[PDB]
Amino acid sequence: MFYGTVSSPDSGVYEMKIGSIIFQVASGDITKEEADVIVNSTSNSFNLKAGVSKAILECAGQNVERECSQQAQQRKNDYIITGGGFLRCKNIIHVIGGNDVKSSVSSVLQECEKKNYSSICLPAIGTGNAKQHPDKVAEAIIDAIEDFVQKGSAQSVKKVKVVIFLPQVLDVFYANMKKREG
C-alpha cells in the first residue's frame, strides 16, 4: 500500500520509504543530530533529567528549561514546543514518555506540517524512565507515520529518523521494518 524496500545507505543505518517519507533508524547520541525538529521524551512536568532527556536538556541549555516550566505552569499540556537552544534544530517538541506513543508521534507530524518543516529526529519514545516495551514503541511510531501518509497529510515532511540509545533496541526497530516491507 505504502511501504518500500528496507536497505542500508550507511553502516548501521537502515531505511525504507513510507509513501513520500523516508523513514530511517540508527543507534547513537541524538544530541549530535541536525533536523528541523528534535523530539525529547520527558515527564508530565517537562523537567525530567534521566535517560536521553538529561542529555537533551543539558545540551539545549537553561533558556530552554525555563520555557518548559513557564509553559508547564500555564495549562495542562500533552506536549510542548520550545526553541532549540544549543541543539542543531529549529524547535524541540517535548512529549510525555508515558503517553500513548502513536498519539504523540501523530502530534509531532501535524506540528511539523504547520511549520512547513522537512526533517524530524526522535528517540525510542517511552523506553527510558517510562519503561514502555521497545516492540510496542516501534509498532506505534511506524503506525503513526503510516496513518499520516494514508490520510494524505504529508506535504512538507520528507524525512523521519529514529536515533536510538541502545543497539539492542535498534534490532527491534529493524525487525519491525522487515515485517512491513513491500
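Each residue number is its position in the shown sequence, starting from 1.
Novice: 59-67 versus 36-44: which one carries the higher mean Cα B factor per the record?
Specialist: The recorded data point to 59-67.
Novice: Read off the CA B-factors in the entry, average them over 103-111 and over 79-87, and name the higher stretch.
Specialist: Taking the mean B-factor of the alpha carbons in each, 79-87 is higher.
Novice: Name the one of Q132, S119, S53, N116 with the greatest CA B-factor according to the PDB entry.
Specialist: The record points to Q132.
Novice: Could you place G126 in the lowest, middle or highest third of its chain by Cα temperature factor, using the values in the record?
Specialist: Middle third by C-alpha B-factor.
Novice: Select lowest, middle or highest to describe the third in which the CA B-factor of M1 falls within its chain in this entry.
Specialist: CA B-factor rank for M1: highest third.
Novice: For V160, does the deposited CA B-factor place it in the lowest, middle or highest third of the chain?
Specialist: It falls in the bottom third of the chain.
Novice: Select lowest, middle or highest to describe the third in which the CA B-factor of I18 falls within its chain in this entry.
Specialist: Ranked within chain, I18 CA B lands in the lowest tercile.
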